[PDB]
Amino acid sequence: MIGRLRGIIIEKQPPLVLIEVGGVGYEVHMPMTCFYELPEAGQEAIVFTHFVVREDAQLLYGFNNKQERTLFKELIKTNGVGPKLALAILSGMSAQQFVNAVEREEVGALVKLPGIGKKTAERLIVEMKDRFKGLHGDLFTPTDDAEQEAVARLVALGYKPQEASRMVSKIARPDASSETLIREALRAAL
C-alpha cells in the first residue's frame, strides 16, 4: 500500500533508518548503497518503499529512486532470491554495477556473497539478464517512453506482452498520452 515516505531522519542504524512522519516513526530497511546517499539525521528525506508482509512482521524496504526499487522487486520475484538476500546483493554492489555484472555475466563477483548460490548465481544471471530486456530505464538501458508506458499498462491489464507490443505500435506516435495510447489501444481491441 505504501510506495513512498517523506519525513525527517530521526536515527540511522545501518541498514535500518527511522523516518518520522507526522509523529509516526517508520523503520525502513535499506541496502547499504542507498544508505550511503541518505541525508543527515535531522533533515528531510524522501524514500521509495516496498512493503513486505511476513508471518510475524510487516516490513518496509526503501530506496533512493524508483529504478533501484524496480531492480529489487525484480530480484525478489525469482525463486532463489528473497528480500534479505536482495538487500545483501545491493549492499555489496550498486544497482549499476549489479546490472553490469549480469550483462557481462560475471558470476565470480556474485558468489563473493553470503547465501549466494553458484547454480544460484548462474541461474540468476541468466534470469535477470532476461528480465532486463522487458525493462526500460536508464538503469536497464546501458524506444518511445509513452509507448513503453502504454505497453506496461496494457500488460498490467492482462495482455500478453507481445500482444500489447503490437496493440500500441499499430496506432501511434507522439504528443500522445500513454494515457491516450492506452485508451486508443483498448477501443481498437474490444
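Counting begins at 1, following the sequence as shown.
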| item | value |
| --- | --- |
| Between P142 and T143 - deposited residues without coordinates, as a size class | 10 or more |
| Mean temperature factor over C-alpha atoms, higher-scoring stretch between 178 to 186 and 15 to 23 | 178 to 186 |
| Which of 158 to 166 and 127 to 135 has higher mean CA B factor, as the PDB entry lists it | 158 to 166 |
| From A146, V47, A41, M30, residue of greatest CA B-factor | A146 |
| Options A86, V111, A101, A95 - largest CA temperature factor per the record | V111 |
| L90 - Cα temperature factor, lowest/middle/highest third of chain | lowest |
| Position of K73 among the chain's modelled residues by C-alpha B-factor, lowest, middle or highest third | lowest |
